[PDB]
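Asks: One structure is given below, represented as structure tokens, and several questions about it will come after.
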Amino acid sequence: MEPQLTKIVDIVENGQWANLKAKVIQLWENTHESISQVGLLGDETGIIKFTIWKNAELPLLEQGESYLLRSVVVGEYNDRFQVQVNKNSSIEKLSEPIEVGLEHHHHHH
């Protein structure tokens, strides 16, 4: 209900808590026992990397579907930043996808 949405460009501090919405582009399976999966999420503000922690015990994210993340923390990653999903965070399936560009303008005719 009226969640505090934050844009990717707005994120510039680590440990920052807030909600983030994005589209799933591609996910790579991790052979590490700690990290479960790692990938990148598309968004009108750009692309953000994310890592799923097993301690979260949350359902796997589906490709080509939008999701709303709430109560998440930004982790430190090399020169960039990423969002870490934990049990405290929540994931909800959105029936509305995120538009990142149609690459072309269409019209009725």
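Labels used: A, B, ... for chains in the order of the structure tokens, numbers from 1 for residues in each chain, and numbers from 1 for ligands as shown.
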For segment 34-42 of chain A, please output as a list in words all residues within 8 Å (counting only C-alpha atoms; exclusion window: fewer than 2 positions along the same chain).
Replies: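 Final neighbour list, sorted by chain and number: residues 22, 23, 24, 25, 26, 27, 28, 29, 30, 31, 32, 44, 46, 47, 48, 49, 50, 51, 52, 53, 54 and 100 of chain A.
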Asks: Next, write the just-selected residues to a file, as a PDB file, in the first residue's frame, keeping N, CA, C and O atoms as the atom set.
Replies:
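And here's selection.pdb as it stands now:
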ATOM      1  N   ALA A  22      11.291  -3.820 -10.891  1.00  0.00           N
ATOM      2  CA  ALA A  22      12.082  -3.971 -12.148  1.00  0.00           C
ATOM      3  C   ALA A  22      11.616  -5.196 -12.931  1.00  0.00           C
ATOM      4  O   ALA A  22      10.832  -5.992 -12.455  1.00  0.00           O
ATOM      5  N   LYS A  23      12.098  -5.343 -14.142  1.00  0.00           N
ATOM      6  CA  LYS A  23      11.701  -6.506 -14.993  1.00  0.00           C
ATOM      7  C   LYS A  23      12.844  -7.516 -15.051  1.00  0.00           C
ATOM      8  O   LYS A  23      14.004  -7.158 -15.050  1.00  0.00           O
ATOM      9  N   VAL A  24      12.524  -8.782 -15.090  1.00  0.00           N
ATOM     10  CA  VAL A  24      13.595  -9.818 -15.134  1.00  0.00           C
ATOM     11  C   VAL A  24      14.073 -10.014 -16.572  1.00  0.00           C
ATOM     12  O   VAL A  24      13.315 -10.375 -17.451  1.00  0.00           O
ATOM     13  N   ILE A  25      15.337  -9.777 -16.811  1.00  0.00           N
ATOM     14  CA  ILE A  25      15.904  -9.938 -18.183  1.00  0.00           C
ATOM     15  C   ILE A  25      16.561 -11.312 -18.297  1.00  0.00           C
ATOM     16  O   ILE A  25      16.114 -12.164 -19.034  1.00  0.00           O
ATOM     17  N   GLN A  26      17.627 -11.530 -17.571  1.00  0.00           N
ATOM     18  CA  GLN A  26      18.325 -12.848 -17.632  1.00  0.00           C
ATOM     19  C   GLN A  26      18.907 -13.194 -16.262  1.00  0.00           C
ATOM     20  O   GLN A  26      19.383 -12.339 -15.536  1.00  0.00           O
ATOM     21  N   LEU A  27      18.861 -14.457 -15.915  1.00  0.00           N
ATOM     22  CA  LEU A  27      19.393 -14.921 -14.598  1.00  0.00           C
ATOM     23  C   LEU A  27      20.416 -16.033 -14.833  1.00  0.00           C
ATOM     24  O   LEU A  27      20.204 -16.925 -15.629  1.00  0.00           O
ATOM     25  N   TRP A  28      21.519 -15.984 -14.131  1.00  0.00           N
ATOM     26  CA  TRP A  28      22.573 -17.033 -14.285  1.00  0.00           C
ATOM     27  C   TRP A  28      22.640 -17.868 -13.004  1.00  0.00           C
ATOM     28  O   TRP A  28      22.653 -17.345 -11.907  1.00  0.00           O
ATOM     29  N   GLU A  29      22.667 -19.164 -13.143  1.00  0.00           N
ATOM     30  CA  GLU A  29      22.716 -20.055 -11.947  1.00  0.00           C
ATOM     31  C   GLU A  29      24.091 -19.984 -11.291  1.00  0.00           C
ATOM     32  O   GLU A  29      25.108 -20.024 -11.953  1.00  0.00           O
ATOM     33  N   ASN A  30      24.127 -19.879  -9.986  1.00  0.00           N
ATOM     34  CA  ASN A  30      25.436 -19.802  -9.267  1.00  0.00           C
ATOM     35  C   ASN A  30      25.762 -21.156  -8.630  1.00  0.00           C
ATOM     36  O   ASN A  30      24.928 -21.784  -8.011  1.00  0.00           O
ATOM     37  N   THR A  31      26.978 -21.602  -8.782  1.00  0.00           N
ATOM     38  CA  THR A  31      27.387 -22.911  -8.195  1.00  0.00           C
ATOM     39  C   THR A  31      27.834 -22.691  -6.748  1.00  0.00           C
ATOM     40  O   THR A  31      28.273 -23.600  -6.076  1.00  0.00           O
ATOM     41  N   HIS A  32      27.733 -21.481  -6.270  1.00  0.00           N
ATOM     42  CA  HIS A  32      28.161 -21.185  -4.872  1.00  0.00           C
ATOM     43  C   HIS A  32      27.073 -21.607  -3.875  1.00  0.00           C
ATOM     44  O   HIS A  32      25.895 -21.409  -4.099  1.00  0.00           O
ATOM     45  N   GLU A  44      13.072   1.362 -16.496  1.00  0.00           N
ATOM     46  CA  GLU A  44      13.087   2.642 -17.258  1.00  0.00           C
ATOM     47  C   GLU A  44      14.217   3.534 -16.737  1.00  0.00           C
ATOM     48  O   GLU A  44      14.643   4.461 -17.394  1.00  0.00           O
ATOM     49  N   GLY A  46      17.136   2.282 -15.928  1.00  0.00           N
ATOM     50  CA  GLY A  46      18.414   1.614 -16.332  1.00  0.00           C
ATOM     51  C   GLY A  46      18.386   0.143 -15.923  1.00  0.00           C
ATOM     52  O   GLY A  46      17.343  -0.477 -15.865  1.00  0.00           O
ATOM     53  N   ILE A  47      19.538  -0.419 -15.650  1.00  0.00           N
ATOM     54  CA  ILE A  47      19.621  -1.860 -15.253  1.00  0.00           C
ATOM     55  C   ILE A  47      20.304  -1.982 -13.895  1.00  0.00           C
ATOM     56  O   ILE A  47      21.266  -1.298 -13.615  1.00  0.00           O
ATOM     57  N   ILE A  48      19.810  -2.857 -13.053  1.00  0.00           N
ATOM     58  CA  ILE A  48      20.427  -3.047 -11.703  1.00  0.00           C
ATOM     59  C   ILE A  48      20.697  -4.531 -11.469  1.00  0.00           C
ATOM     60  O   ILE A  48      19.906  -5.385 -11.816  1.00  0.00           O
ATOM     61  N   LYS A  49      21.819  -4.836 -10.881  1.00  0.00           N
ATOM     62  CA  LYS A  49      22.171  -6.256 -10.612  1.00  0.00           C
ATOM     63  C   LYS A  49      21.553  -6.702  -9.293  1.00  0.00           C
ATOM     64  O   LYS A  49      21.392  -5.918  -8.380  1.00  0.00           O
ATOM     65  N   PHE A  50      21.201  -7.960  -9.183  1.00  0.00           N
ATOM     66  CA  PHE A  50      20.589  -8.453  -7.913  1.00  0.00           C
ATOM     67  C   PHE A  50      21.071  -9.872  -7.620  1.00  0.00           C
ATOM     68  O   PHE A  50      21.401 -10.633  -8.515  1.00  0.00           O
ATOM     69  N   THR A  51      21.106 -10.224  -6.360  1.00  0.00           N
ATOM     70  CA  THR A  51      21.554 -11.587  -5.949  1.00  0.00           C
ATOM     71  C   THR A  51      20.528 -12.162  -4.975  1.00  0.00           C
ATOM     72  O   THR A  51      20.086 -11.490  -4.064  1.00  0.00           O
ATOM     73  N   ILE A  52      20.132 -13.391  -5.162  1.00  0.00           N
ATOM     74  CA  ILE A  52      19.116 -13.999  -4.248  1.00  0.00           C
ATOM     75  C   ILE A  52      19.806 -14.826  -3.173  1.00  0.00           C
ATOM     76  O   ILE A  52      20.565 -15.731  -3.456  1.00  0.00           O
ATOM     77  N   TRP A  53      19.536 -14.524  -1.933  1.00  0.00           N
ATOM     78  CA  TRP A  53      20.161 -15.290  -0.823  1.00  0.00           C
ATOM     79  C   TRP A  53      19.280 -16.495  -0.484  1.00  0.00           C
ATOM     80  O   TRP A  53      18.069 -16.405  -0.460  1.00  0.00           O
ATOM     81  N   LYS A  54      19.882 -17.623  -0.230  1.00  0.00           N
ATOM     82  CA  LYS A  54      19.094 -18.841   0.102  1.00  0.00           C
ATOM     83  C   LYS A  54      18.319 -18.615   1.403  1.00  0.00           C
ATOM     84  O   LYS A  54      17.220 -19.102   1.574  1.00  0.00           O
ATOM     85  N   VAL A 100      10.468  -0.469 -21.286  1.00  0.00           N
ATOM     86  CA  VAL A 100      11.849   0.098 -21.365  1.00  0.00           C
ATOM     87  C   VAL A 100      12.057   0.712 -22.749  1.00  0.00           C
ATOM     88  O   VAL A 100      13.087   1.288 -23.033  1.00  0.00           O
TER      89      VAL A 100
END
Asks: Which one is closest to residue 43 of chain A: A:65, A:2, A:57, A:13? Count only C-alpha atoms.
Replies: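 Of A:65, A:2, A:57, A:13, the one nearest residue 43 of chain A is A:65, counting only C-alpha atoms.
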Asks: Could you list, as number ranges by chain, every residue within 8 Å of residue 66 of chain A, counting only C-alpha atoms and ignoring same-chain residues fewer than 2 positions away?
Replies: A: 21-24, 64, 68, 93-98
Asks: Would you work out the distance separating atom CA of residue 56 of chain A from atom CA of residue 85 of chain A, expressed in Å to one decimal?
Replies: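 Answer for the atom CA of residue 56 of chain A to atom CA of residue 85 of chain A separation: 6.7 Å.
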Asks: Skip residue 81 of chain A itself and residues of its chain fewer than 5 positions away, then list as number ranges by chain all residues within 8 Å of it, counting only C-alpha atoms.
Replies: A: 12, 14, 48-49, 74-76
Asks: DSSP on the backbone, then: every residue of segment 8-108 of chain A marked strand (DSSP E), written as a PDB file with N, CA, C and O atoms, in the first residue's frame.
Replies:
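Here's the written file states_4.pdb:
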ATOM      1  N   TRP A  17      17.987   1.230   2.534  1.00  0.00           N
ATOM      2  CA  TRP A  17      16.763   0.374   2.527  1.00  0.00           C
ATOM      3  C   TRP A  17      15.646   1.070   1.754  1.00  0.00           C
ATOM      4  O   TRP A  17      15.425   2.254   1.901  1.00  0.00           O
ATOM      5  N   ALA A  18      14.932   0.338   0.943  1.00  0.00           N
ATOM      6  CA  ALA A  18      13.813   0.953   0.168  1.00  0.00           C
ATOM      7  C   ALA A  18      13.176  -0.110  -0.726  1.00  0.00           C
ATOM      8  O   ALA A  18      13.604  -1.248  -0.756  1.00  0.00           O
ATOM      9  N   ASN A  19      12.150   0.255  -1.454  1.00  0.00           N
ATOM     10  CA  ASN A  19      11.470  -0.725  -2.353  1.00  0.00           C
ATOM     11  C   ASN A  19      11.915  -0.474  -3.791  1.00  0.00           C
ATOM     12  O   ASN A  19      12.156   0.651  -4.185  1.00  0.00           O
ATOM     13  N   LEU A  20      12.038  -1.513  -4.578  1.00  0.00           N
ATOM     14  CA  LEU A  20      12.481  -1.334  -5.994  1.00  0.00           C
ATOM     15  C   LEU A  20      11.677  -2.250  -6.918  1.00  0.00           C
ATOM     16  O   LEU A  20      11.489  -3.418  -6.643  1.00  0.00           O
ATOM     17  N   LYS A  21      11.223  -1.720  -8.025  1.00  0.00           N
ATOM     18  CA  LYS A  21      10.444  -2.533  -9.013  1.00  0.00           C
ATOM     19  C   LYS A  21      11.255  -2.656 -10.300  1.00  0.00           C
ATOM     20  O   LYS A  21      11.854  -1.704 -10.756  1.00  0.00           O
ATOM     21  N   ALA A  22      11.291  -3.820 -10.891  1.00  0.00           N
ATOM     22  CA  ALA A  22      12.082  -3.971 -12.148  1.00  0.00           C
ATOM     23  C   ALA A  22      11.616  -5.196 -12.931  1.00  0.00           C
ATOM     24  O   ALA A  22      10.832  -5.992 -12.455  1.00  0.00           O
ATOM     25  N   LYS A  23      12.098  -5.343 -14.142  1.00  0.00           N
ATOM     26  CA  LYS A  23      11.701  -6.506 -14.993  1.00  0.00           C
ATOM     27  C   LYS A  23      12.844  -7.516 -15.051  1.00  0.00           C
ATOM     28  O   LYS A  23      14.004  -7.158 -15.050  1.00  0.00           O
ATOM     29  N   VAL A  24      12.524  -8.782 -15.090  1.00  0.00           N
ATOM     30  CA  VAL A  24      13.595  -9.818 -15.134  1.00  0.00           C
ATOM     31  C   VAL A  24      14.073 -10.014 -16.572  1.00  0.00           C
ATOM     32  O   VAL A  24      13.315 -10.375 -17.451  1.00  0.00           O
ATOM     33  N   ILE A  25      15.337  -9.777 -16.811  1.00  0.00           N
ATOM     34  CA  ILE A  25      15.904  -9.938 -18.183  1.00  0.00           C
ATOM     35  C   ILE A  25      16.561 -11.312 -18.297  1.00  0.00           C
ATOM     36  O   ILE A  25      16.114 -12.164 -19.034  1.00  0.00           O
ATOM     37  N   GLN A  26      17.627 -11.530 -17.571  1.00  0.00           N
ATOM     38  CA  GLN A  26      18.325 -12.848 -17.632  1.00  0.00           C
ATOM     39  C   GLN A  26      18.907 -13.194 -16.262  1.00  0.00           C
ATOM     40  O   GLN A  26      19.383 -12.339 -15.536  1.00  0.00           O
ATOM     41  N   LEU A  27      18.861 -14.457 -15.915  1.00  0.00           N
ATOM     42  CA  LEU A  27      19.393 -14.921 -14.598  1.00  0.00           C
ATOM     43  C   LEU A  27      20.416 -16.033 -14.833  1.00  0.00           C
ATOM     44  O   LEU A  27      20.204 -16.925 -15.629  1.00  0.00           O
ATOM     45  N   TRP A  28      21.519 -15.984 -14.131  1.00  0.00           N
ATOM     46  CA  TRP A  28      22.573 -17.033 -14.285  1.00  0.00           C
ATOM     47  C   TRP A  28      22.640 -17.868 -13.004  1.00  0.00           C
ATOM     48  O   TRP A  28      22.653 -17.345 -11.907  1.00  0.00           O
ATOM     49  N   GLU A  29      22.667 -19.164 -13.143  1.00  0.00           N
ATOM     50  CA  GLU A  29      22.716 -20.055 -11.947  1.00  0.00           C
ATOM     51  C   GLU A  29      24.091 -19.984 -11.291  1.00  0.00           C
ATOM     52  O   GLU A  29      25.108 -20.024 -11.953  1.00  0.00           O
ATOM     53  N   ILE A  35      25.525 -17.956  -2.377  1.00  0.00           N
ATOM     54  CA  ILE A  35      24.669 -17.283  -3.390  1.00  0.00           C
ATOM     55  C   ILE A  35      23.867 -18.322  -4.173  1.00  0.00           C
ATOM     56  O   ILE A  35      24.383 -19.341  -4.586  1.00  0.00           O
ATOM     57  N   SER A  36      22.603 -18.066  -4.373  1.00  0.00           N
ATOM     58  CA  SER A  36      21.741 -19.024  -5.125  1.00  0.00           C
ATOM     59  C   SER A  36      21.733 -18.652  -6.607  1.00  0.00           C
ATOM     60  O   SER A  36      22.156 -19.418  -7.451  1.00  0.00           O
ATOM     61  N   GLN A  37      21.244 -17.480  -6.932  1.00  0.00           N
ATOM     62  CA  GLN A  37      21.189 -17.051  -8.364  1.00  0.00           C
ATOM     63  C   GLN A  37      21.633 -15.596  -8.490  1.00  0.00           C
ATOM     64  O   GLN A  37      21.547 -14.822  -7.559  1.00  0.00           O
ATOM     65  N   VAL A  38      22.108 -15.222  -9.648  1.00  0.00           N
ATOM     66  CA  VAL A  38      22.562 -13.818  -9.865  1.00  0.00           C
ATOM     67  C   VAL A  38      22.190 -13.388 -11.283  1.00  0.00           C
ATOM     68  O   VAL A  38      22.265 -14.167 -12.213  1.00  0.00           O
ATOM     69  N   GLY A  39      21.783 -12.161 -11.461  1.00  0.00           N
ATOM     70  CA  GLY A  39      21.406 -11.713 -12.830  1.00  0.00           C
ATOM     71  C   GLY A  39      21.235 -10.200 -12.865  1.00  0.00           C
ATOM     72  O   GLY A  39      21.728  -9.491 -12.013  1.00  0.00           O
ATOM     73  N   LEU A  40      20.529  -9.703 -13.855  1.00  0.00           N
ATOM     74  CA  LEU A  40      20.310  -8.227 -13.966  1.00  0.00           C
ATOM     75  C   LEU A  40      18.833  -7.952 -14.245  1.00  0.00           C
ATOM     76  O   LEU A  40      18.157  -8.739 -14.875  1.00  0.00           O
ATOM     77  N   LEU A  41      18.325  -6.842 -13.760  1.00  0.00           N
ATOM     78  CA  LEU A  41      16.879  -6.506 -13.970  1.00  0.00           C
ATOM     79  C   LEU A  41      16.756  -5.221 -14.788  1.00  0.00           C
ATOM     80  O   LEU A  41      17.414  -4.234 -14.524  1.00  0.00           O
ATOM     81  N   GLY A  42      15.910  -5.235 -15.781  1.00  0.00           N
ATOM     82  CA  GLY A  42      15.724  -4.028 -16.633  1.00  0.00           C
ATOM     83  C   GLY A  42      14.828  -3.017 -15.924  1.00  0.00           C
ATOM     84  O   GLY A  42      14.119  -3.344 -14.994  1.00  0.00           O
ATOM     85  N   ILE A  48      19.810  -2.857 -13.053  1.00  0.00           N
ATOM     86  CA  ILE A  48      20.427  -3.047 -11.703  1.00  0.00           C
ATOM     87  C   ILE A  48      20.697  -4.531 -11.469  1.00  0.00           C
ATOM     88  O   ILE A  48      19.906  -5.385 -11.816  1.00  0.00           O
ATOM     89  N   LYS A  49      21.819  -4.836 -10.881  1.00  0.00           N
ATOM     90  CA  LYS A  49      22.171  -6.256 -10.612  1.00  0.00           C
ATOM     91  C   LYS A  49      21.553  -6.702  -9.293  1.00  0.00           C
ATOM     92  O   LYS A  49      21.392  -5.918  -8.380  1.00  0.00           O
ATOM     93  N   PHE A  50      21.201  -7.960  -9.183  1.00  0.00           N
ATOM     94  CA  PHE A  50      20.589  -8.453  -7.913  1.00  0.00           C
ATOM     95  C   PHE A  50      21.071  -9.872  -7.620  1.00  0.00           C
ATOM     96  O   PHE A  50      21.401 -10.633  -8.515  1.00  0.00           O
ATOM     97  N   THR A  51      21.106 -10.224  -6.360  1.00  0.00           N
ATOM     98  CA  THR A  51      21.554 -11.587  -5.949  1.00  0.00           C
ATOM     99  C   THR A  51      20.528 -12.162  -4.975  1.00  0.00           C
ATOM    100  O   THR A  51      20.086 -11.490  -4.064  1.00  0.00           O
ATOM    101  N   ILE A  52      20.132 -13.391  -5.162  1.00  0.00           N
ATOM    102  CA  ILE A  52      19.116 -13.999  -4.248  1.00  0.00           C
ATOM    103  C   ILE A  52      19.806 -14.826  -3.173  1.00  0.00           C
ATOM    104  O   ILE A  52      20.565 -15.731  -3.456  1.00  0.00           O
ATOM    105  N   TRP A  53      19.536 -14.524  -1.933  1.00  0.00           N
ATOM    106  CA  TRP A  53      20.161 -15.290  -0.823  1.00  0.00           C
ATOM    107  C   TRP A  53      19.280 -16.495  -0.484  1.00  0.00           C
ATOM    108  O   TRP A  53      18.069 -16.405  -0.460  1.00  0.00           O
ATOM    109  N   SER A  66       7.460  -8.964 -14.563  1.00  0.00           N
ATOM    110  CA  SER A  66       7.837  -7.848 -13.656  1.00  0.00           C
ATOM    111  C   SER A  66       7.589  -8.248 -12.207  1.00  0.00           C
ATOM    112  O   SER A  66       6.735  -9.060 -11.910  1.00  0.00           O
ATOM    113  N   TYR A  67       8.332  -7.677 -11.297  1.00  0.00           N
ATOM    114  CA  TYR A  67       8.152  -8.013  -9.858  1.00  0.00           C
ATOM    115  C   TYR A  67       8.386  -6.776  -9.003  1.00  0.00           C
ATOM    116  O   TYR A  67       9.153  -5.892  -9.352  1.00  0.00           O
ATOM    117  N   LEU A  68       7.733  -6.725  -7.871  1.00  0.00           N
ATOM    118  CA  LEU A  68       7.892  -5.574  -6.939  1.00  0.00           C
ATOM    119  C   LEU A  68       8.679  -6.052  -5.722  1.00  0.00           C
ATOM    120  O   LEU A  68       8.304  -7.005  -5.063  1.00  0.00           O
ATOM    121  N   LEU A  69       9.766  -5.392  -5.423  1.00  0.00           N
ATOM    122  CA  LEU A  69      10.598  -5.783  -4.247  1.00  0.00           C
ATOM    123  C   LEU A  69      10.356  -4.785  -3.121  1.00  0.00           C
ATOM    124  O   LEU A  69      10.382  -3.589  -3.334  1.00  0.00           O
ATOM    125  N   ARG A  70      10.123  -5.265  -1.925  1.00  0.00           N
ATOM    126  CA  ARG A  70       9.878  -4.344  -0.769  1.00  0.00           C
ATOM    127  C   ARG A  70      10.807  -4.699   0.390  1.00  0.00           C
ATOM    128  O   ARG A  70      11.115  -5.849   0.624  1.00  0.00           O
ATOM    129  N   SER A  71      11.250  -3.701   1.110  1.00  0.00           N
ATOM    130  CA  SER A  71      12.160  -3.928   2.272  1.00  0.00           C
ATOM    131  C   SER A  71      13.433  -4.645   1.819  1.00  0.00           C
ATOM    132  O   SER A  71      13.744  -5.719   2.291  1.00  0.00           O
ATOM    133  N   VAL A  72      14.182  -4.049   0.916  1.00  0.00           N
ATOM    134  CA  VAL A  72      15.455  -4.686   0.436  1.00  0.00           C
ATOM    135  C   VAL A  72      16.629  -3.784   0.800  1.00  0.00           C
ATOM    136  O   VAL A  72      16.455  -2.619   1.101  1.00  0.00           O
ATOM    137  N   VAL A  73      17.824  -4.329   0.786  1.00  0.00           N
ATOM    138  CA  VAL A  73      19.042  -3.536   1.151  1.00  0.00           C
ATOM    139  C   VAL A  73      20.050  -3.560   0.003  1.00  0.00           C
ATOM    140  O   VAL A  73      20.288  -4.580  -0.615  1.00  0.00           O
ATOM    141  N   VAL A  74      20.638  -2.432  -0.293  1.00  0.00           N
ATOM    142  CA  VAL A  74      21.624  -2.369  -1.406  1.00  0.00           C
ATOM    143  C   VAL A  74      22.986  -2.876  -0.927  1.00  0.00           C
ATOM    144  O   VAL A  74      23.504  -2.441   0.082  1.00  0.00           O
ATOM    145  N   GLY A  75      23.568  -3.800  -1.650  1.00  0.00           N
ATOM    146  CA  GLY A  75      24.897  -4.356  -1.252  1.00  0.00           C
ATOM    147  C   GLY A  75      26.014  -3.666  -2.039  1.00  0.00           C
ATOM    148  O   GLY A  75      25.776  -2.993  -3.027  1.00  0.00           O
ATOM    149  N   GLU A  76      27.234  -3.844  -1.603  1.00  0.00           N
ATOM    150  CA  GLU A  76      28.394  -3.218  -2.299  1.00  0.00           C
ATOM    151  C   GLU A  76      28.928  -4.180  -3.359  1.00  0.00           C
ATOM    152  O   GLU A  76      29.256  -5.312  -3.064  1.00  0.00           O
ATOM    153  N   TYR A  77      29.019  -3.739  -4.592  1.00  0.00           N
ATOM    154  CA  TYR A  77      29.534  -4.630  -5.677  1.00  0.00           C
ATOM    155  C   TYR A  77      30.547  -3.868  -6.535  1.00  0.00           C
ATOM    156  O   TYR A  77      30.201  -2.991  -7.299  1.00  0.00           O
ATOM    157  N   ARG A  80      30.021  -0.735  -8.792  1.00  0.00           N
ATOM    158  CA  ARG A  80      28.540  -0.506  -8.897  1.00  0.00           C
ATOM    159  C   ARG A  80      27.842  -1.021  -7.638  1.00  0.00           C
ATOM    160  O   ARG A  80      28.477  -1.400  -6.672  1.00  0.00           O
ATOM    161  N   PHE A  81      26.531  -1.026  -7.644  1.00  0.00           N
ATOM    162  CA  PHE A  81      25.758  -1.501  -6.454  1.00  0.00           C
ATOM    163  C   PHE A  81      24.699  -2.509  -6.892  1.00  0.00           C
ATOM    164  O   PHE A  81      24.275  -2.522  -8.031  1.00  0.00           O
ATOM    165  N   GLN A  82      24.265  -3.353  -5.991  1.00  0.00           N
ATOM    166  CA  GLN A  82      23.221  -4.366  -6.344  1.00  0.00           C
ATOM    167  C   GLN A  82      22.233  -4.498  -5.187  1.00  0.00           C
ATOM    168  O   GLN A  82      22.493  -4.053  -4.088  1.00  0.00           O
ATOM    169  N   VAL A  83      21.097  -5.105  -5.426  1.00  0.00           N
ATOM    170  CA  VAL A  83      20.078  -5.272  -4.342  1.00  0.00           C
ATOM    171  C   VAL A  83      20.094  -6.720  -3.859  1.00  0.00           C
ATOM    172  O   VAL A  83      20.099  -7.648  -4.643  1.00  0.00           O
ATOM    173  N   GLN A  84      20.125  -6.916  -2.564  1.00  0.00           N
ATOM    174  CA  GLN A  84      20.166  -8.304  -2.005  1.00  0.00           C
ATOM    175  C   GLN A  84      18.786  -8.695  -1.486  1.00  0.00           C
ATOM    176  O   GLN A  84      18.171  -7.980  -0.720  1.00  0.00           O
ATOM    177  N   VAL A  85      18.296  -9.832  -1.902  1.00  0.00           N
ATOM    178  CA  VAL A  85      16.954 -10.290  -1.445  1.00  0.00           C
ATOM    179  C   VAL A  85      17.113 -11.212  -0.238  1.00  0.00           C
ATOM    180  O   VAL A  85      17.898 -12.148  -0.257  1.00  0.00           O
ATOM    181  N   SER A  90      10.250  -8.843   0.357  1.00  0.00           N
ATOM    182  CA  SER A  90       9.061  -9.560  -0.197  1.00  0.00           C
ATOM    183  C   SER A  90       9.035  -9.413  -1.717  1.00  0.00           C
ATOM    184  O   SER A  90       9.530  -8.449  -2.269  1.00  0.00           O
ATOM    185  N   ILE A  91       8.456 -10.372  -2.391  1.00  0.00           N
ATOM    186  CA  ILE A  91       8.372 -10.330  -3.883  1.00  0.00           C
ATOM    187  C   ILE A  91       6.922 -10.522  -4.309  1.00  0.00           C
ATOM    188  O   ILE A  91       6.248 -11.417  -3.841  1.00  0.00           O
ATOM    189  N   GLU A  92       6.434  -9.685  -5.193  1.00  0.00           N
ATOM    190  CA  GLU A  92       5.014  -9.817  -5.654  1.00  0.00           C
ATOM    191  C   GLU A  92       4.973  -9.822  -7.182  1.00  0.00           C
ATOM    192  O   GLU A  92       5.653  -9.058  -7.834  1.00  0.00           O
ATOM    193  N   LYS A  93       4.176 -10.684  -7.754  1.00  0.00           N
ATOM    194  CA  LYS A  93       4.084 -10.745  -9.238  1.00  0.00           C
ATOM    195  C   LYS A  93       3.193  -9.611  -9.736  1.00  0.00           C
ATOM    196  O   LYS A  93       2.098  -9.414  -9.250  1.00  0.00           O
TER     197      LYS A  93
END
Asks: For atom CA of residue 45 of chain A and atom CA of residue 10 of chain A, quote the distance in Å rounded to one decimal.
Replies: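 Atom CA of residue 10 of chain A lies 9.1 Å from atom CA of residue 45 of chain A.
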